[PDB]
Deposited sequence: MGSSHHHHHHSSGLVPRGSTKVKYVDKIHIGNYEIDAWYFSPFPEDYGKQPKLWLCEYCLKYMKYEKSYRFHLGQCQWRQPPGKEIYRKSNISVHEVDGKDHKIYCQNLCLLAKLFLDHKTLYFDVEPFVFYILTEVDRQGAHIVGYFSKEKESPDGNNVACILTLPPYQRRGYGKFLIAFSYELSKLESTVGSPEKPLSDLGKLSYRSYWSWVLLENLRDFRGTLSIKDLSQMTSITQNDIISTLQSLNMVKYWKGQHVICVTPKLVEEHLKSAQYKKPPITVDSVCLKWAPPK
């Protein structure tokens, strides 16, 4: 009745949430998505026809990052409306809430793919409001379930902060963070603040992380104290811990200006 499973590429993925695909698309569905253009179809037959016809082998937009077989395509929703609407319907399957799927023009989408001989296979993405009333540098972030727990989510988070640094600005993800968002951000923020430390204003300037996110991270690392209510960094090179990363953003492979 609702879409509960999709076939994309040669993965099938069960839904985590309702996504408002048109009702008849509630086939089973089984919804069958082209992995390159993200067109949604109702039947294996229209799926197989499309696959032999569709000429796309990668996302639209500009490839603003490439290192080994990892790339990021920047995709303005005003210029690739249908693709971006298709993407937002896909993402809503794994996001407990999203803005209206058809209203993509206020956003730019950064699409992460793994590249092989066949083409560039979508791993995940984040979106960003062109203008955020709350200073959000990410609106939604997603690694598709089959690629999760491999470092792709932290890669995207890092990449969003690379864009913030280049724009000489601090940013934070849009609230509320899902429980998995919470774990990923806390993890990335701790690694970055720890690798840096080995001022809170200065940590902010250096990383584009907000002072509020720096403070809450430092508290959870026990590296902050109170002096007449004011938050003071309190640490030793002693630890600055690092016991129990996999893919990082190389600024040299990034081709983007503010």
{"query": "Parts of the chain sequence, as deposited, that carry no C-alpha coordinates in this structure", "finding": "1 to 22, 221 to 226, 273 to 279, 294 to 295"}
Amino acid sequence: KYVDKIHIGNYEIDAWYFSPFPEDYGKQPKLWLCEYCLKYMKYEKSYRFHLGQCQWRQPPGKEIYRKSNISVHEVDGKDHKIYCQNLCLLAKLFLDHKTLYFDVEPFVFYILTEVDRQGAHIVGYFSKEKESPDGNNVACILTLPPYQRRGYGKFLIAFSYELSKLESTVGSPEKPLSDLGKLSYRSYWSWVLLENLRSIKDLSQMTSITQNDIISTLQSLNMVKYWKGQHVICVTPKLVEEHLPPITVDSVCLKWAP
From here on, numbers count along this sequence of modelled residues.
{"query": "Mean C-alpha B-factor comparison - 99 to 107 and 70 to 78, higher one", "finding": "99 to 107"}
{"query": "Which of 32 to 40 and 203 to 211 has higher mean CA B factor, as the PDB entry lists it", "finding": "203 to 211"}
{"query": "Among 57, 48, 62, 231 - the residue whose C-alpha B-factor is largest in the record", "finding": "231"}
{"query": "Ranked against its chain, the third holding the CA B-factor of residue 92", "finding": "lowest"}
{"query": "Modelled-residue ranking by C-alpha temperature factor, third containing residue 169", "finding": "highest"}
{"query": "Assigned third (lowest, middle, highest) for the C-alpha B factor of residue 242", "finding": "highest"}
{"query": "Residue 160, C-alpha B-factor rank within chain (lowest, middle or highest third)", "finding": "lowest"}
{"query": "Entry-reported Cα temperature factor of residue 118, expressed as the chain third it lands in", "finding": "highest"}
